[PDB]
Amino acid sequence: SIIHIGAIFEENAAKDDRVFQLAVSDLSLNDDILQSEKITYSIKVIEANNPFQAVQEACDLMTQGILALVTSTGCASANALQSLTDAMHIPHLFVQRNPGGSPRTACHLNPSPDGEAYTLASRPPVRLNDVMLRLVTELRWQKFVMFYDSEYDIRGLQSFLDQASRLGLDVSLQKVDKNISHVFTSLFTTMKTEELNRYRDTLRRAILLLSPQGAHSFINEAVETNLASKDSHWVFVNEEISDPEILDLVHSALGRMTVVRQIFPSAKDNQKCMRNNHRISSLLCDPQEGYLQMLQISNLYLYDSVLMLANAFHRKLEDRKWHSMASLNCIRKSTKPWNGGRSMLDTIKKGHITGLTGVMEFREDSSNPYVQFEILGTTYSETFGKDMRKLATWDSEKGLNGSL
């Protein structure tokens, strides 16, 4: 028989489409166990923020008889698809998209019936709150502003705000509207000179929960309007930002900058990635020079998600346990759930693999626990100008490593 899996990607789906097919391709060439096993898939592309379209495509995928659904979307569609896959007992590996570059907050999912929760989030829980807490405490900040953009979901700040309150910190949450030019013009039109000069001092300590580009514009507008100063310390907080983007921030900043972002283990599974004195062809083992750099974090987790499924298919068949999929169209009210779903889900949860993001596994709460961040601080030399330097790392196992 055949292993058939469904995939749903929001526009722009080009990188996901490519990476997912690379993953499946890598398996059929190298997987010595799924050797002689066929692997097929159907990829659906949907508009962003279109949960109904997501339901249409997922339901079409259910008629094709799929063993699992891999998705990469925003939260609006994730919520709908989680609800759908719960009802149909279809294992659902959900790779949360970067929301327009903004800092990520975990999606608000629906309650599941006991022992029938089929959505597995591939990306780890957002642990930026923990790193921000350590950082403001080490810096001995008592008062500070947290700027967040028009897409950031501040519910993600819950644990930070509760802990900040217990510590007696005074935190000011300020939304930055999409038009940065109007944001700052508004300051000068609504505030007297003294109020404005006071406001400038309050801005000496800030956290930027912004996208890389939004942060760049925000910094430039602050400097141009003379609301920035050398006597400031701004902390950019986002799982995702590139090195060129970091340079744009420090090149624009007058004062000190700190950056918190996710990093990944160096994948040199030597010997693991070697066969007969020959290196294995695969994105994980032999990557093209500069390619993984062009990928977004969610692409990495998409690749590893496919590895996770393959691992489950290994274990499912070695035990000689197998359930064939049935043809079900779910919009139709009379549709029955997949009887083999519970077993397939369980097999996936007990899985463990090492991929582009490092170790992937699922705890009892259905979370992929490991995450690691680096903490960068600004530096300067007449020769090279403004550059960032690594000061420390933070991971979900051992916590902080290094000083601040």
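A residue's number is simply how far along the shown sequence it sits, counting from 1.
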Entry-level comparison of average CA B-factors, 129 to 137 and 309 to 317, reporting the higher stretch: 309 to 317
Tell me which of 189 to 197 and 95 to 103 has the higher mean C-alpha B-factor in the deposited entry. 189 to 197
Candidate residues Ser282, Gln158, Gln213, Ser298, the one whose C-alpha B factor the record puts highest: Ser282
Given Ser172, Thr202, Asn329, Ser72, the residue at which the Cα B factor reaches its maximum: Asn329
Mind checking which third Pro124 falls in for C-alpha B-factor across the chain? lowest
For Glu374, the third of its chain into which the C-alpha B factor falls: lowest
Hey, what third does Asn50 fall into on Cα B-factor, ranked over its chain? lowest
Split into thirds by Cα B-factor across the chain's modelled residues, where does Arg256 land: lowest, middle or highest? middle
Considering only modelled residues of the same chain, in which third does the CA B-factor of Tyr118 rank: lowest, middle or highest? middle
